[PDB]
Amino acid sequence: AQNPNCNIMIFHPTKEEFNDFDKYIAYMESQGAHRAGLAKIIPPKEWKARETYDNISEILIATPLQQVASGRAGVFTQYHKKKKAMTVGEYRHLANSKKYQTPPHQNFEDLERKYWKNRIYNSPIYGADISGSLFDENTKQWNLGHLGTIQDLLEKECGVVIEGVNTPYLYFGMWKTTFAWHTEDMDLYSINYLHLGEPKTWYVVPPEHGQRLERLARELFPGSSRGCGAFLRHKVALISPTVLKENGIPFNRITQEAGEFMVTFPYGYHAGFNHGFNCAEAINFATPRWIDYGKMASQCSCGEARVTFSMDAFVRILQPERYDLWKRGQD
Ligand SMILES: O=C(O)CNC(=O)C(=O)O
Ligand SMILES: [Mg+2]
Ligand code: NI
Ligand SMILES: [Zn+2]
């Protein structure tokens, strides 16, 4: 079995290997990459996403979110407070202000120490889930707006034609902006491209060990667990690497820099934080190997998780027994 320790693998495709997206994912999996839950892909030196990022300041962040924490430094939740709209240029100035800017630090490990020590004492502001793309239409390789759709994959594998669409989303981050422990909707893959700015540090649990993370989370967040048998779908809970190690949970970490792609694999729990002002693009995708994970994905039916239109068909076709309860949680 390839990659039995579930290490995060880093790939350097050539320009020729960068042509066929599906084929390269299947290649990475042939080398065991999915066992980690996360892989990094460094694009060939000849590739670019677009010509420049000099003209993005007028994009609107309609509903910036202030991420307010509660708990202790290593075990906390966050809630999202809505703020007034602002442009990307206004958000960048805010990220760089004395109140929000990255502190002085020696290296990525020092900054990670500072994040876990001090995150809860601040409330950074995040632009999230903004439908759109920064890939040039003429970028033919790994263009996250031109991927094969999840609805087409389900039709190809299973024969069922369904409604729904699959488009990318932009993220604008600052120092201490935080992504809580989660798997993707319907335990899909994700791909994330860091277009510009400062890094993102990721934490990930191997898919084969995801239930260990879920059991710790029920212990650490006991009222949330009584409220919902899939409360990690709410995307609010954080657990530090130190707490994970104290509890024996297998995990890995890596820092993504501008110009790099990350792929998350089905049922790979992940979390992380941004180092400073940045912009990322991400989208969910599927392969044939996903189908069996989609059929088994947990679901939130308490009402908290609320998701896109296109998830309806995935539940309806893959999880007909669960569909009526889940749809009630959507309404
Ligand atoms: O960049 C982000 O904020 C979040 N992205 C992810 O959790 C992802 O691609 O799975
Ligand atoms: Mg603009
Ligand atoms: Ni994710
Ligand atoms: Zn729920």
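We number each residue from 1, following the sequence as shown. In listed order, ligands and their atoms are each counted from 1.
Considering only non-hydrogen protein atoms, atom 7 (O) of ligand 1 sits nearest to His270 NE2, 3.1 Å. The shortest contact between atom 1 (O) of ligand 1 and any protein heavy atom is with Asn192 ND2, 2.9 Å.
Ring geometry for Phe261 versus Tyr193: interplanar angle of 30 to 60°, hence tilted. The aromatic rings of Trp142 and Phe18 sit parallel, their planes meeting at an angle under 30°, below the 60° perpendicular limit. Using the six-membered ring where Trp is involved, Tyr171 and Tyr126 have ring planes that are tilted, between 30° and 60° apart.
For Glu184, the N/O/S atom at the shortest distance from the Ni ion (ligand 3) is named OE2.
Interface of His182 with ligand 1, defined as ligand atoms under 4.0 Å from a residue heavy atom, comprises 7 (O). Heavy-atom contacts of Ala282 reach the following atoms of ligand 1: 9 (O) (cutoff under 4.0 Å).
For the pair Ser190 and ligand 1, the shortest N or O to N or O distance falls below 3.5 Å. Considering backbone and side-chain atoms together, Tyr126 places an N or O closer than 3.5 Å to an N or O of ligand 1. Between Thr264 and ligand 1, no N or O atom pair is found at a separation short of 3.5 Å.
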**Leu38/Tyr203 under side chain to side chain contact (heavy atoms under 4.5 Å, CB included): CA gap, chis, key distance, verdict** = CA-CA 9 Å; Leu38 182 66; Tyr203 306 91; over 6 Å; no

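Put simply, the angle at the Zn ion (ligand 4) from SG in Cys302 to NE2 in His234 is close to 100°, to the nearest 10°.
By the 4.0 Å heavy-atom criterion, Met262 is excluded from the residues contacting ligand 1.
Hydrophobic clustering (ILVMFWY, side-chain heavy atoms < 4.5 Å, transitive): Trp47 and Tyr27 are in one cluster.
Inspection of the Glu184 and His182 side chains reveals an N or O donor paired with an N or O acceptor under 3.5 Å.
Going from atom CG of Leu213 over to atom CG of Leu244 covers 6.5 Å, rounded to the nearest 0.5 Å.
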